[PDB]
Amino acid sequence: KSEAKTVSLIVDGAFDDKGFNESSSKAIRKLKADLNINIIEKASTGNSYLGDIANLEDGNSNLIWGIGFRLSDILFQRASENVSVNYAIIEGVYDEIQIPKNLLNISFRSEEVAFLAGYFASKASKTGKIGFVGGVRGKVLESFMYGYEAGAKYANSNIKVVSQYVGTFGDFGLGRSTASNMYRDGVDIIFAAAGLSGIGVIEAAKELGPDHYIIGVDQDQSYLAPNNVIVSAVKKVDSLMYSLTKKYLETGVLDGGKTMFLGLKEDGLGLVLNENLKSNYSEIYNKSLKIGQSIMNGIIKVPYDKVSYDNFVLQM
Ligand SMILES: Nc1ncnc2c1ncn2[C@@H]1O[C@H](CO)[C@@H](O)[C@H]1O
Ligand SMILES: [Cl-]
Ligand code: NA
């Protein structure tokens, strides 16, 4: 078996985000539980990526996972320079370069699940004004923002959407103040797509009580605020990391040198309802799932950047 092997994991910021980074740790710990492999987990930061990952290498890791686009260039450099080490990255963002054979990149079509979140929030909102709180801007987050705004307009052409960015995935207090300002300005539902920062958005909703709703992200976040999180736009990082790593442990060769793309139809993303609010939002949830099937069948082409969004809006 694979018991002698080691799989390592490096994230940016804290593991304990109730979402994206946490899901990567869940996968690695489940691999340890099921296969009895060795694991190493490291929470890192930009000023020390190079040293932290060089250390996972020196621990003779058989596979090193990096999580999130902020690790893109470092994971690429280390893979390029260490041909005998295998690396995989969740959401590497690369422009010019060709991916080396010992690096596997995973890309999620986040705009697809964000479209479901926007459609849902737009149908559910009583004020007709909804919010989006993002983490760090860039290609990944813009896919969430434009997918959300497009799905919202698809549900109601005159929907009002307020978008703000915390600017980091690790500022809970700024998530809270951003959300508090939105709720005070007539927003009644906020999609928090902001890592740990978004948990502060949830805190703001809890502090304001009933009628301040959240669309959660990455994992089912209804348990964080069972009266306020209506639905969650999940990203199935843990399932994918487990299955890809298990295959790698069986073959010993990384299926790398490429980017694997996952959206709704690959079961890489999904929309998960809070059962405590079922009687009240089930009809909208079911309509949202039909929208998801239209996306999966290629009927709705979901925008993901400014150009595709502006075209989508003009062609509605
Ligand atoms: N530490 C992080 N680093 C990079 N991207 C992140 C991080 N946390 C969250 N994200 C991204 O923001 C989205 C919403 O939390 C996630 O699905 C992921 O794409
Ligand atoms: Cl605070
Ligand atoms: Na804080």
Side-chain angles (χ1 to χ4, degrees), residues 9-25 41-46 49 52 65-75 89-93 105-114 116-118 132-148 163-181 183 190-208 214-221 224 229 232-241 261-264 268-272 304:
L9 177 62
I10 182 174
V11 302
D12 181 84
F15 276 109
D16 179 33
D17 65 3
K18 324 296 180 187
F20 188 64
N21 286 351
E22 182 191 85
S23 71
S24 76
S25 178
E41 298 186 270
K42 178 60 185 203
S44 191
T45 186
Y49 289 161
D52 289 350
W65 277 100
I67 306 303
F69 76 88
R70 310 189 82 193
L71 284 159
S72 294
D73 283 346
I74 176 68
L75 261 278
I89 179 168
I90 297 289
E91 297 188 327
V93 176
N105 188 27
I106 305 301
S107 179
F108 291 89
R109 293 193 299 273
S110 306
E111 67 274 14
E112 297 182 3
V113 78
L116 303 190
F132 175 80
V133 176
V136 181
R137 291 173 173 276
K139 297 198 112 37
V140 174
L141 258 291
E142 78 182 350
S143 74
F144 277 99
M145 187 188 69
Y146 289 119
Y148 184 69
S163 291
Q164 290 282 332
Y165 286 82
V166 176
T168 172
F169 297 110
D171 193 339
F172 189 109
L174 187 57
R176 190 191 76 77
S177 65
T178 298
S180 175
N181 291 336
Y183 285 131
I190 300 175
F191 181 26
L196 173 61
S197 302
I199 311 307
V201 176
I202 302 176
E203 173 62 22
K206 287 195 293 195
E207 294 176 5
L208 292 161
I214 297 286
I215 302 190
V217 80
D218 294 329
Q219 296 187 59
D220 177 3
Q221 294 181 325
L224 300 175
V229 174
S232 295
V234 309
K235 183 176 285 182
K236 303 189 186 191
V237 170
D238 53 322
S239 305
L240 181 61
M241 285 178 63
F261 294 91
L262 290 95
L264 295 166
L269 308 165
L271 193 69
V272 177
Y304 50 85

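Remember, it's 1-based here, ligands and their atoms both numbered in the order they're listed. We number each residue from 1, following the sequence as shown.
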For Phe144, the ligand 1 atoms whose distance to one of its heavy atoms is below 4.0 Å: 13 (C), 17 (O), 19 (O)

Region of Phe108 engaging ligand 1 - heavy atom pairs below 4.0 Å: neither

With nothing but distance in play, are any N or O atoms of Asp17 less than 3.5 Å from an N or O of ligand 1? no

Ring geometry between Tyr165 and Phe132 (parallel below 30°, tilted from 30 to 60°, perpendicular above 60°): perpendicular

May I ask you to list the atoms of ligand 1 that are less than 4.0 angstrom from any heavy atom of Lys235? 16 (C), 17 (O), 18 (C), 19 (O)

Expected output: side-chain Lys235 to main-chain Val113 donor-acceptor under 3.5 Å: no

Taking only heavy atoms of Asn21, which atoms of ligand 1 are found under 4.0 Å from at least one of them? 1 (N)

For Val140, the atoms of ligand 1 under 4.0 Å from one of its heavy atoms are 19 (O)

Give a yes or no answer on whether the side chain of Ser197 reaches the backbone of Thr168 with a donor-acceptor pair at less than 3.5 Å. yes

If you measure from each non-hydrogen atom of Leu196 to ligand 1, which part falls under 4.0 Å: side chain, backbone, both or neither? neither

Among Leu174, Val217, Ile190, the one residue meeting side chain to side chain contact (heavy atoms under 4.5 Å, CB included) with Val133: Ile190

Is it the side chain, the backbone, both or neither of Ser110 that has a heavy atom closer than 4.0 Å to ligand 1? neither

Counting each atom of ligand 1 from 1 as listed, which ones have a heavy atom of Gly68 under 4.0 Å away? 4 (C)

Pairwise distance OG(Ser72) to CD1(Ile90) - rounded to 0.5 angstrom: 11.5 Å

Test item, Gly13 contacting ligand 1 (heavy atom, 4.0 angstrom): no

Nearest atoms (heavy-atom pairs only) where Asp16 meets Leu196: O-CD1, 3.7 Å

Hey, are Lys236 and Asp238 close enough for a salt bridge, meaning a charged N less than 4.0 Å from a carboxylate O? no

For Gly195 and ligand 1, does the shortest N/O to N/O distance drop below 3.5 Å? yes

If you take all heavy atoms of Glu112 and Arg109, which pair is closest and at what distance? OE2-NE, 2.6 Å

Going by heavy atoms, is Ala193 under 4.0 Å from ligand 1? yes

Closest contact, heavy atoms only, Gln221 versus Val229: O-CG2, 3.7 Å

Given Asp12, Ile90, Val133, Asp218, which has its nearest heavy atom closest to atom 1 (N) of ligand 1? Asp12

Any nitrogen or oxygen of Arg70, side chain or backbone, less than 3.5 Å from one on ligand 1? no

protein heavy-atom neighbour closest to atom 18 (C) of ligand 1 works out as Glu91 OE1, 3.4 Å

Smallest heavy-atom separation, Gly13 atom then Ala43 atom, equals O-CB, 3.3 Å

Contact atoms of ligand 1, heavy-atom distance to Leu141 under 4.0 Å: 12 (O)

I'd like to know if the side chain of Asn21 and the backbone of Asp12 have a donor-acceptor N/O pair within less than 3.5 Å. yes

Just to confirm my output: which protein heavy-atom neighbour is closest to atom 2 (C) of ligand 1, and how far is it? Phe169 CD1, 3.4 Å

